[PDB]
2 protein chains.
Amino acid sequence: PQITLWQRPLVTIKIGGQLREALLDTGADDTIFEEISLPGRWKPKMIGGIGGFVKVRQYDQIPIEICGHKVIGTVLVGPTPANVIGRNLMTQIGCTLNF
Amino acid sequence: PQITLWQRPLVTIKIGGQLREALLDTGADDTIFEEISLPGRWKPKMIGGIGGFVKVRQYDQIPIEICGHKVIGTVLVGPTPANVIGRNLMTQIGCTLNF
Ligand SMILES: CC(C)(C)NC(=O)[C@@H]1CN(Cc2cccnc2)CCN1C[C@@H](O)C[C@@H](Cc1ccccc1)C(=O)N[C@H]1c2ccccc2C[C@H]1O
């Protein structure tokens, strides 16, 4: 579908059997969620954003359903005021910016 | 323009007679630049991002040309690792997300 930007670009997702809302964020290179549980090993990682850096866990090859589309990718879990779907996963559902 | 997301969605803009590049960022409600000079009065403002808060100057009704389109809006100036064009200006150039 097409989404205008008068309101935050929120989409419902299913990840690790949990349901969450996340922002389709073209300004984010990666995908990050606050408080969700993922299984398996992970690698520590620090991502930078506006306001500073945050230490997160990096989980690879994680299945995630974005607004109905089933894809798999790297997902970060760590402190964030909003769950974000980055470009790493937006390219998988074929999302584009248009004007 | 349609823009895919395999690479950062950068656009060249002109604001206050200065040229710079900025990220089309659907995850940002506001527009912020670091390292630019704007004229007139402004109001202090705390902005929250992924890594914490940043103190910035808020300038209203500032003309800005984004990828050739001339619009006007609120622009923040303060510490940021990347210039960002938020939803407040993307709606003015009719930018939409599609998938
Ligand atoms: C991978 C990771 C997710 C850490 N990336 C980012 O946070 C990038 C960082 N770059 C920079 C970078 C840093 C390090 C290395 N390369 C690049 C600048 C742009 N952000 C993307 C932003 O869109 C993220 C949002 C997150 C958010 C949404 C809603 C509520 C809270 C947090 C963001 O920063 N939003 C805020 C925001 C942002 C700009 C202007 C106004 C406002 C207000 C608000 O919407």
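Basis for what follows: all heavy atoms, side chains included, without hydrogens, waters or symmetry-related copies. By convention in this document, chain letters (A, B, ...) are assigned in the order of the sequence lines, proteins followed by strands, and residues within each chain are numbered from 1.
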For B:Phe53, ring pair (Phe, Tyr, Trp, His ring centres under 6.0 Å) partners two or more places apart: none

All side chain to side chain donor-acceptor pair (under 3.5 Å) counterparts of B:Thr80, not counting sequence neighbours: none

Backbone of B:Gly16 reached by a side-chain donor or acceptor of B:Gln18 within 3.5 Å: yes

A:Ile64 and A:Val71, any side-chain heavy atoms less than 4.5 Å apart: yes

Flag side-chain contact, heavy atom, 4.5 Å: A:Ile62 against A:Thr74: no

Smallest separation among heavy atoms of B:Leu38 and B:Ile36, with atom names: CG-CD1, 3.9 Å

For B:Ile32, the rest of its hydrophobic cluster, which grows through side-chain links under 4.5 angstrom: A:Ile50, B:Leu10, B:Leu23, B:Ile47, B:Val54, B:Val56, B:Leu76, B:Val84

Residue pairs, two or more places apart or on separate chains, that pass salt bridge (charged side-chain N to carboxylate O under 4.0 Å, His left out) and touch residues 78-99 of chain B: B:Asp29-B:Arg87

Worked verdict on A:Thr91 versus B:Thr4 for side-chain contact (heavy atoms from CB on, under 4.5 Å): CA-CA 7 Å; A:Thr91 53; B:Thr4 63; over 6 Å; no

Sequence neighbours excluded - salt bridge (charged side-chain N to carboxylate O under 4.0 Å, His left out) pairs with any residue from residues 69-78 of chain A: none

All pairs passing salt bridge (charged side-chain N to carboxylate O under 4.0 Å, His left out) where residues 9-23 of chain B contributes a residue, at least two apart: none

Residue list, side chain to side chain donor-acceptor pair (under 3.5 Å) with B:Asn83, at least two apart or on another chain: none

Heavy-atom side-chain contact between A:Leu24 and A:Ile3 under 4.5 Å: yes

Worked check of side-chain contact (heavy atoms from CB on, under 4.5 Å) between A:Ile66 and A:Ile85: CA-CA 9 Å; A:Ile66 301 172; A:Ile85 304 299; 3.8 Å; yes

Close side-chain approach of A:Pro63 and A:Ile15, heavy atoms under 4.5 Å: no

Residue A:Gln2 excluded, over 12 heavy atoms near CD under 6.0 Å: yes

With A:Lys43 via salt bridge (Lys or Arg N to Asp or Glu O under 4.0 Å) - residues at least two apart: A:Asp60

Distance (rounded to the nearest 0.5 Å) between A:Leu5 CG and B:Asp25 CG: 10.0 Å

Within residues 74-99 of chain A or reaching into it, pairs that qualify as ring-ring contact (aromatic ring centres under 6.0 Å, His included) - sequence neighbours excluded: A:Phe99-B:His69

Distance (rounded to the nearest 0.5 Å) between A:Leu19 CG and A:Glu65 CD: 9.0 Å

Pairwise side-chain contact, B:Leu97 with A:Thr96, heavy-atom cut-off 4.5 Å (strictly under): no

Listed partners of A:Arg8 passing side chain to side chain donor-acceptor pair (under 3.5 Å), at least two apart: none

Student check: side-chain heavy atoms of B:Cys67 and B:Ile13 closer than 4.5 Å: no

For the student: nearest non-hydrogen atoms of A:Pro81 and B:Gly49, plus distance: CG-O, 3.8 Å

B:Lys45: partners by salt bridge (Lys or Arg N to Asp or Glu O under 4.0 Å), with sequence neighbours left out: B:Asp30

Residues which pass side chain to side chain donor-acceptor pair (under 3.5 Å) with B:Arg57, listed by chain and number, not counting sequence neighbours: B:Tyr59

Over all atoms of both residues, closest heavy-atom pair of A:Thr26 and B:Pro9: O-CD, 3.5 Å

